[PDB]
Amino acid sequence: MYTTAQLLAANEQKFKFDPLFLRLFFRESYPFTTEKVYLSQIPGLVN
Amino acid sequence: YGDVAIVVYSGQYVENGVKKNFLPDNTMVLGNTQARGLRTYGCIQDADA
């Protein structure tokens with residue numbers, strides 16, 4: 001009504017979050033076209 | 001280590017079904033890098049060869 005409020009700056013309250021994994025171990029990304037995936041580990045132990 | 005060069009070896013090899021280190025638990029070898037060895041290979045006993 002007649003209060004004459006003047007606004008100052010507003011603090012954001014940022015939330016800290018850093019991956020440290022997707023850019024340290026998961027540097028590669030693959031899309032899908034199928035519904036599942038296969039992972040192959042070839043054990044090489046020659047005598 | 002002054003004059004002698006120090007190394008630590010951990011190579012392994014696979015016997016019939018399992019792996020094992022080449023060296024036993026605790027071995028210490030005084031050697032010289034300039035010592036000459038021999039990679040000698042005999043004649044291939046093969047008629048085709």
# chains A, B, ... in the order shown; residues from 1 in each chain; ligands from 1
call {"tool": "closest_atom_pairs", "arguments": {"of": "chain A", "to": "chain B", "cutoff": "8 Å", "atoms": "only C-alpha atoms", "output": "CSV"}}
result
residue,atom,partner,partner_atom,distance
A:45,CA,B:14,CA,6.3
A:46,CA,B:14,CA,6.3
A:47,CA,B:14,CA,5.1
call {"tool": "write_last_selection", "arguments": {"atoms": "C-alpha atoms", "output": "short mmCIF file (atom, residue, chain, number, x, y, z; two decimals), in the first residue's frame"}}
result
data_model
loop_
_atom_site.label_atom_id
_atom_site.label_comp_id
_atom_site.auth_asym_id
_atom_site.auth_seq_id
_atom_site.Cartn_x
_atom_site.Cartn_y
_atom_site.Cartn_z
CA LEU A 45 46.04 -68.25 -19.20
CA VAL A 46 48.49 -70.05 -21.48
CA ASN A 47 50.60 -72.83 -20.01
#
call {"tool": "atom_distance", "arguments": {"atom1": "atom CA of residue 19 of chain A", "atom2": "atom CA of residue 32 of chain A"}}
result
22.6 Å
call {"tool": "select_by_dssp", "arguments": {"residues": "chain B", "states": "strand (DSSP E or B)", "output": "list in words"}}
result
residues 12, 13, 14, 19, 20 and 21 of chain B
call {"tool": "atom_distance", "arguments": {"atom1": "atom CA of residue 28 of chain B", "atom2": "atom CA of residue 8 of chain B"}}
result
10.0 Å
